[PDB]
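Visitor: The structure's right below; bear with me while I get my questions together.
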Amino acid sequence: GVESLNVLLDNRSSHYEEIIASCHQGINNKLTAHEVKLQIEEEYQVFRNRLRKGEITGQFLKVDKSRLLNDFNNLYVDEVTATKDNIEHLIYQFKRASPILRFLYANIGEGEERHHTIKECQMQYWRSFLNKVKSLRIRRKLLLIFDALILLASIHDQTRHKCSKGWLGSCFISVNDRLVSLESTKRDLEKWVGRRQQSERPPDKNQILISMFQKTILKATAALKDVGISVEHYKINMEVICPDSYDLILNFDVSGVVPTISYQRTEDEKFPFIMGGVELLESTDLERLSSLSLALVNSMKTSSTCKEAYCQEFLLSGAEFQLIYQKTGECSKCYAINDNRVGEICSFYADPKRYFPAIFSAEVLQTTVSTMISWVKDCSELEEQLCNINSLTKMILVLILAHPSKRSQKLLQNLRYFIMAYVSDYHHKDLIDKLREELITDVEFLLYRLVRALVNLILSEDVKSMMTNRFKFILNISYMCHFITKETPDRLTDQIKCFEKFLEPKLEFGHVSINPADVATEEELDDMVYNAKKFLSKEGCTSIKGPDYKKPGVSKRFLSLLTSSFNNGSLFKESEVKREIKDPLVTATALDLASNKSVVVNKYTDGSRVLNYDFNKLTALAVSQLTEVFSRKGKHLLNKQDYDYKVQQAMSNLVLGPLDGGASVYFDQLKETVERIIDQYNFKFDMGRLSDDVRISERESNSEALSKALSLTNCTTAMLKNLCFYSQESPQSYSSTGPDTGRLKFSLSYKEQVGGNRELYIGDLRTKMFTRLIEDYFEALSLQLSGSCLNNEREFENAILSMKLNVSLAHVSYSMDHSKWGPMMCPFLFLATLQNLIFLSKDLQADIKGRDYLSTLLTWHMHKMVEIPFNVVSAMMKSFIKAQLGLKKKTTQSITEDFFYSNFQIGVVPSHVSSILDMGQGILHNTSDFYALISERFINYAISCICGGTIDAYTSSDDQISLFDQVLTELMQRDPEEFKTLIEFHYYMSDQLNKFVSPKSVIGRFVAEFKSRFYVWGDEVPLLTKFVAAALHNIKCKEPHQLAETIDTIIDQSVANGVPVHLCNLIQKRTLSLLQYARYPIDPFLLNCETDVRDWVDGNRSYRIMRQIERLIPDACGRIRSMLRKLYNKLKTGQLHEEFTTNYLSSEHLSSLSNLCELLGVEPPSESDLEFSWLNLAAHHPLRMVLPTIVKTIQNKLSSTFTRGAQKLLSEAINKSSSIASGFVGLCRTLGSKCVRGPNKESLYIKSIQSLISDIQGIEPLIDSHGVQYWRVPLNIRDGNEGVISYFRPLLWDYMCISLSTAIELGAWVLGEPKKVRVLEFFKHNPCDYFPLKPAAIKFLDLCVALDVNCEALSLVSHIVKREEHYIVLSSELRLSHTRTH
Ligand SMILES: [Mg+2]
Ligand SMILES: [Zn+2]
């Protein structure tokens, strides 16, 4: 599917050949393998001679540790002036930085009063009951009758044991976590009952209240009994309605501290309690932080619904505090902390999200800090000052967790580059200027001081004993950056930076074409030709001035040298000379485009498509938005006599209509546009219509776009060609710019990355099909050769082996990195390189045809159009319109803003941007990889033919590791002035080919780093912090059986790198505790929290559940565990194979199990062993997460090769249907609403099933220590009551079938005997030692296929369609493991 372009009518008259002539004029790609050496030698000679005198700059220095340390110490001396800070002062001032940090260390607490808090009175029960009633459907009447009952309950329960919990001053929380007063409600009730009494005018003032209360109670009970849930299980005392109720309310008195939140800075400088009394050694502050973070996260449940107040209670070591806020939704707001004994402890302005990683993780952090400290305790010279390290690490962790910012991420992230350059031999001089950020708040400077004090302590100039544990310590500290987030604080603020990045390098080159208009103008062609000519006019090392680094452009001489060298077979190894280069022209599916991405749809008002924005509508929208944002803010904080208010009021009086020494002309001419707009169509028109009209290219999802495109064809195959060249809407002829359907179009977006933010170009569908052809072509042609690791898997292992071998012999390594790889490449370079290669085959015609098709495709991509986001245009228009008659801000005028202004004050406004110096970021990956491979091979060959050494390369897109040989390493130690100039020539000659080296490169003899894989001599570097941070906040709003396997895979992957097993057990326990908060009945299938090391390296997922089940009921699986051995012995040989498949697989379960046990001459299981059962919800239909799967997956994988099957799959995917904390809130809310499917048709609850089980007095629950519920039921109740026993499932049958399947899928050591060995002696061990290990590696196939459908609790075949190769584990964790005989 490469030569299908011959179906269209060619039209390539005049524009096409000029570019070819420009790119093929002076490229002498015919040199031999003997002339290039002369040019290379002469270039080397002239470069060295010019460098010796000093007309060229080096950009490479020799490492000196003292200067590096001093420069790091003196890195921020403009606001933080100091020389050395004492640890005691840092500790003293750390506990008093911010209210959040001051609250976690105060001396708070109270005896028996805190013991009463372990009890719940008759006040919260009524609150929960009324919340449940209000959840269903049954207006001030309801609120009054609902918040009076809880008041009555509190009054009743305040005269029995003298306790008042759930109060604040004179306020009480009633229904929606609200805060309501006392007197106002009393008088409202009095007036409402007075109106009732007036309407009734024998009845008394105490009878109407009880009558209405009982009228509501019966309706509530009927409503709860209608669905199927009981009412008497809530434990509510109905006697709270006293006979004398009306007079009870009106004679109540109470006294307390009146609460009030603050909004300024000077109101939080008064602290009631002691400012600090907690030591860092214990884990007291972590529990408080966890509770506060949970309270903050829970603050998003509130719906829309004096004025308002919302509250959330939380306990702390007996005490009870309340977090109060005054605005709903999910965004930045004001929070205050209150108590009932004092008032307004503190107040802050935190954000509800970005607070997930600390919810129930209070012992994982302590353990990881302990295991990080345990890495350096064996240093003789670092014995005295050991507690300071622990304290500093604790402060760093607590500070990063308590104040999640974005500029604190870039500070801990850059320490890795410094520590990599510390143990190296050479480094770029522009390295210090790269480790510098812009800090604003007073907290980040404290973090910088803390990390500086820690680095100056760990890396002093008098300790050289280990020199390996400190490296791991610093590198793992630098990886705490992953603990915060990967989201973005704002949206508009981070959308202008991307546009400025996109437009910055394209303006200096002086080539910015704004509006192509889809019919190219003569000036556009002339400018494109001139820029193409200019792009190939780079000179260097042979001129009057010399080279000019860091500029876009390519030299003709080096391009000719590269092409000639490639065409002579001089860049090939000894294995490629045994064959001939193949052309993939003659040697795919379209459903791939249905992936989980986005797409853009066009819009036509006529035969043509709109491409330009309107001017008057944009002005009207800008004025409307300014008035909208003004109406509230400028009405309060603007002086009436001020000019700004006087002019903004006039501006507001232009659209709504409910001293001019400034811009009189502008204000006089702006009236007409608004008047015409309002005449042409509480505003005076429709905002929605205007917003829809101004938008030109709305977005749309991916699946339905493909479905609607496919639903108008007549081909019975799902191929790429059938959707593009054959349709009712297909191009007829194609021209120089593009097909008659129009030129290509893209749109801009940003990714979500830790640190910076990458670009993203998202195109339409036609471009999506067009790109894949070139993508696949270049991918195959690069796969022909060896050297690329972008998609390969084995060469990555080969590179790892090479790195290990190089490090083992102390050879020199070079870790590289290229900058601006995306926004400064060009498709013209690819076209010019393609037009000079010789894919030698004995067929000229096919080569010419393929080259022509590739050339025209590259030309099509050369004339692409790029869209400008709507929000950026709106913001720029607001800035222009406001700062033309007003004087509001006018602070900074960036060079990227005058570009909008100059075009604004000419008439039409910018719509698109087109140019030549931009390559699609993440679009043409394979072409760039292939070019990089060729260029690196040529550079290595040149360096080889200059000096007497050889160099390797493992380039992958933009990354590189280079491994020098022995000769270069020996040369580096005896002639530094030669090695340095060789490096200089390498840098210059790499720059000459449009490849720029970043200042973060390393030339080291101690560590190698390729794709974030550090290697040293002997030891290994486990990124424990990265894995822990990734595993912490990695849950979504899925069904609770997919999260278990999602976390299990992550833990299995992380175990194989060096993480101990106790951390994994704690993480799994935290996950189970998080699930328990949602009140989900745990089954013995989710997770196992007692795994040893053999359960991760030898056993698979199915073995851990087997081990967990083997512990719940012992002495009952032993009988089965020998019948299974006999069955395996008689089945592997081929004895029976008949009745087990049909007479024992599809029948009654218990009877068949007993018969199977009896048949093999083995004692049948005891009668009191089949009584064990477990509850399995959704045993009939799957749960409703939104408000046989094996055969269906096989169908979706095979029948989707045609049109109808693919369409059905797309329809089902469409009919399937923000944050991480929002996902948790959604999971908590959804799991508990209905989440139940009935037998025939209905929706039920979870509480109803529990009530039904509690009703029958024959079922007994059993709980494990961590908590896994499993039931015991008698055989006599096996049937007769089938209403609820349907959901239960037996235990021994599933255990047997899963054990048999696991024995089939692995060896036979599983059915041995578990004899946990622990009689081994003791040893003072070291936490730094590792041992590589390997895994434990027809009728059986269809046997497993048939067995898969019966025991439907897991999906074993799902895990098949990766498998880890080697496992690296400690030595002390490898001994104490279970052992089993064959
Ligand atoms: Mg790298
Ligand atoms: Zn009480």
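Letters for chains follow the order of the structure tokens (A, B, ...), residue numbers begin at 1 for each chain, and ligand numbers begin at 1 in the order shown.
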Taking only C-alpha atoms and all ligand atoms and a cut-off of 12 Å, can you tell me which residues surround ligand 2, written as JSON, numbers by chain?

Guide: {"A": [112, 113, 114, 115, 116, 117, 118, 119, 120, 121, 122, 123, 124, 153, 154, 155, 156, 157, 158, 159, 160, 161, 162, 163, 164, 165, 166]}

Visitor: For residue 538 in chain A, work out the shell of residues within 8 Å, counting only C-alpha atoms and skipping chain neighbours fewer than 4 positions away, then give it as an MDAnalysis selection string.

Guide: chainID A and resid 553:556

Visitor: Could you report the residues within 9 Å of ligand 1, using only C-alpha atoms and all ligand atoms, as an mmCIF file with N, CA and C atoms, in the first residue's frame?

Guide:
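Once written, result_39.cif looks like this:
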```cif
data_model
loop_
_atom_site.group_PDB
_atom_site.id
_atom_site.type_symbol
_atom_site.label_atom_id
_atom_site.label_comp_id
_atom_site.auth_asym_id
_atom_site.auth_seq_id
_atom_site.Cartn_x
_atom_site.Cartn_y
_atom_site.Cartn_z
ATOM 1 N N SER A 815 27.868 10.402 27.872
ATOM 2 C CA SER A 815 26.414 10.482 27.886
ATOM 3 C C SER A 815 26.002 11.821 27.292
ATOM 4 N N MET A 816 25.232 11.779 26.210
ATOM 5 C CA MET A 816 24.891 12.964 25.438
ATOM 6 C C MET A 816 23.399 13.259 25.560
ATOM 7 N N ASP A 817 23.013 14.430 25.056
ATOM 8 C CA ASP A 817 21.619 14.852 25.010
ATOM 9 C C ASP A 817 21.482 16.052 24.083
ATOM 10 N N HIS A 818 20.529 16.002 23.160
ATOM 11 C CA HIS A 818 20.333 17.068 22.190
ATOM 12 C C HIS A 818 19.132 17.922 22.572
ATOM 13 N N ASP A 958 16.485 11.284 20.404
ATOM 14 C CA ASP A 958 17.385 12.302 20.957
ATOM 15 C C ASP A 958 17.934 11.775 22.288
ATOM 16 N N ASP A 959 18.994 10.977 22.189
ATOM 17 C CA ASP A 959 19.697 10.391 23.322
ATOM 18 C C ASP A 959 20.884 9.626 22.762
ATOM 19 N N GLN A 960 21.933 9.497 23.571
ATOM 20 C CA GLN A 960 23.132 8.853 23.055
ATOM 21 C C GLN A 960 24.057 8.453 24.193
ATOM 22 N N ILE A 961 24.606 7.248 24.084
ATOM 23 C CA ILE A 961 25.713 6.789 24.911
ATOM 24 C C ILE A 961 26.841 6.359 23.982
ATOM 25 N N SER A 1001 25.577 17.350 29.081
ATOM 26 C CA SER A 1001 26.313 16.161 28.683
ATOM 27 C C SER A 1001 27.404 15.847 29.702
ATOM 28 N N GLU A 1009 24.848 6.514 31.784
ATOM 29 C CA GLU A 1009 23.414 6.772 31.895
ATOM 30 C C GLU A 1009 22.814 6.819 30.497
ATOM 31 N N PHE A 1010 21.996 5.821 30.167
ATOM 32 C CA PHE A 1010 21.275 5.770 28.900
ATOM 33 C C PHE A 1010 19.821 5.431 29.197
ATOM 34 N N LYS A 1011 18.910 6.331 28.818
ATOM 35 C CA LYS A 1011 17.476 6.158 29.052
ATOM 36 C C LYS A 1011 17.178 5.921 30.533
ATOM 37 N N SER A 1012 17.820 6.723 31.385
ATOM 38 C CA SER A 1012 17.647 6.680 32.840
ATOM 39 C C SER A 1012 17.899 5.275 33.393
#
```

Visitor: Would you give me, as JSON lines, each residue of range 540-650 of chain A having an atom within 10 Å of an atom of range 503-517 of chain A, along with its shortest atom pair and that distance in Å to one decimal, using only C-alpha atoms and sorting by chain and residue number?

Guide:
```
{"residue": "A:551", "atom": "CA", "partner": "A:509", "partner_atom": "CA", "distance": 9.6}
{"residue": "A:552", "atom": "CA", "partner": "A:509", "partner_atom": "CA", "distance": 8.7}
{"residue": "A:609", "atom": "CA", "partner": "A:517", "partner_atom": "CA", "distance": 9.8}
{"residue": "A:610", "atom": "CA", "partner": "A:517", "partner_atom": "CA", "distance": 9.4}
{"residue": "A:611", "atom": "CA", "partner": "A:517", "partner_atom": "CA", "distance": 7.0}
{"residue": "A:612", "atom": "CA", "partner": "A:515", "partner_atom": "CA", "distance": 8.0}
```

Visitor: Go ahead and write the residues just picked, N, CA and C atoms, as a compact mmCIF listing (two decimals), in the first residue's frame.

Guide:
```txt
# COMPACT_ATOMS: atom_id res chain seq x y z
N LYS A 551 22.73 27.77 15.67
CA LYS A 551 21.92 28.38 14.62
C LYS A 551 21.38 27.29 13.71
N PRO A 552 20.20 27.50 13.12
CA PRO A 552 19.69 26.53 12.14
C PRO A 552 20.29 26.75 10.76
N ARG A 609 -14.15 26.26 3.01
CA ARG A 609 -14.13 26.19 4.46
C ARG A 609 -13.59 27.49 5.05
N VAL A 610 -14.19 27.92 6.16
CA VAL A 610 -13.74 29.14 6.83
C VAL A 610 -12.36 28.92 7.43
N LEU A 611 -11.48 29.91 7.25
CA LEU A 611 -10.10 29.78 7.71
C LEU A 611 -9.69 30.96 8.59
N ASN A 612 -10.40 32.08 8.48
CA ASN A 612 -10.02 33.30 9.17
C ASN A 612 -11.05 33.68 10.22
```

Visitor: May I have the residues within 9 Å of residue 80 in chain A as a ChimeraX atom specification, using only C-alpha atoms and disregarding those fewer than 3 positions away in the same chain?

Guide: /A:76-77,445,449

Visitor: Which residue out of A:1308, A:1370, A:945, A:1075 has the minimum interatomic distance to residue 1125 in chain A when only C-alpha atoms are used?

Guide: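 Using only C-alpha atoms, residue 1125 in chain A sits closest to A:1308.
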
Visitor: Pick out the residues sitting within 10 Å of range 907-910 of chain A, and hand them over as a PyMOL selection string; count only C-alpha atoms, and ignore anything fewer than 5 positions along from it in its own chain.

Guide: chain A and resi 514-515+612-616+618+867-868+873+877+899-902

Visitor: Give me, as number ranges by chain, all polymer residues having an atom no more than 12 Å from residue 502 in chain A, counting only C-alpha atoms and skipping those fewer than 2 positions away in the same chain.

Guide: A: 495-500, 504-507, 512, 747-750, 758-761, 820, 822-824, 866-868, 896, 913-915, 917-921

Visitor: Separation of CA of residue 854 in chain A and CA of residue 741 in chain A, in Å?

Guide: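 So the two atoms, CA of residue 854 in chain A and CA of residue 741 in chain A, lie 19.4 Å apart.
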
Visitor: With only C-alpha atoms as the basis for distance, which of A:629, A:1214, A:789, A:1311 is at the shortest distance from residue 957 in chain A?

Guide: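 Ranking A:629, A:1214, A:789, A:1311 by distance to residue 957 in chain A, first place goes to A:789.
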
Visitor: Do you know which residues are at most 10 Å from residue 1207 in chain A counting only C-alpha atoms, after dropping those on the same chain fewer than 2 positions away, and could you put them as a VMD selection string?

Guide: chain A and resid 591 703 to 704 706 to 708 710 to 711 1200 1202 to 1205 1209 to 1213

Visitor: Please produce an output containing C-alpha atoms for each residue in the selection, written as an mmCIF file, in the first residue's frame.

Guide:
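So the final result, stored in out_6.cif, reads:
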```cif
data_model
loop_
_atom_site.group_PDB
_atom_site.id
_atom_site.type_symbol
_atom_site.label_atom_id
_atom_site.label_comp_id
_atom_site.auth_asym_id
_atom_site.auth_seq_id
_atom_site.Cartn_x
_atom_site.Cartn_y
_atom_site.Cartn_z
ATOM 1 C CA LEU A 591 -8.496 0.546 13.172
ATOM 2 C CA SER A 703 -14.198 6.821 17.654
ATOM 3 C CA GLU A 704 -17.344 8.383 16.186
ATOM 4 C CA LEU A 706 -13.903 6.994 12.287
ATOM 5 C CA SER A 707 -17.346 5.376 12.485
ATOM 6 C CA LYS A 708 -19.011 8.173 10.501
ATOM 7 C CA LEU A 710 -16.389 4.366 7.517
ATOM 8 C CA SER A 711 -20.197 4.372 7.268
ATOM 9 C CA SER A 1200 -12.821 -6.780 13.242
ATOM 10 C CA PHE A 1202 -13.892 -6.543 8.063
ATOM 11 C CA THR A 1203 -16.172 -3.504 7.985
ATOM 12 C CA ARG A 1204 -19.193 -4.703 9.975
ATOM 13 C CA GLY A 1205 -17.249 -6.241 12.860
ATOM 14 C CA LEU A 1209 -16.642 -2.806 17.968
ATOM 15 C CA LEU A 1210 -16.540 0.970 17.485
ATOM 16 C CA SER A 1211 -20.212 1.301 18.451
ATOM 17 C CA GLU A 1212 -19.663 -0.755 21.604
ATOM 18 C CA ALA A 1213 -16.584 1.308 22.498
#
```

Visitor: Hey, what's within 10 Å of residue 1223 in chain A if we count only C-alpha atoms and toss same-chain stuff fewer than 5 positions away? As a PyMOL selection string, please?

Guide: chain A and resi 1035-1038+1218+1228-1229

Visitor: So which residues of range 1225-1309 of chain A fall under alpha helix (DSSP H) by DSSP, listed as a VMD selection string?

Guide: chain A and resid 1225 to 1230 1247 to 1255 1292 to 1305

Visitor: Can you write out as JSON lines which residues of range 363-468 of chain A fall within 8 Å of range 277-293 of chain A, alongside each residue's closest atom pair and its distance in Å to one decimal, counting only C-alpha atoms and ordering rows by chain and ascending residue number?

Guide:
```
{"residue": "A:366", "atom": "CA", "partner": "A:283", "partner_atom": "CA", "distance": 7.2}
{"residue": "A:391", "atom": "CA", "partner": "A:280", "partner_atom": "CA", "distance": 6.7}
{"residue": "A:394", "atom": "CA", "partner": "A:280", "partner_atom": "CA", "distance": 7.2}
{"residue": "A:402", "atom": "CA", "partner": "A:289", "partner_atom": "CA", "distance": 7.6}
```

Visitor: Here is a test: counting only C-alpha atoms, which residue of A:93, A:1065, A:1091, A:221 is nearest to residue 447 in chain A?

Guide: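 Of all the options, A:93 lies closest to residue 447 in chain A.
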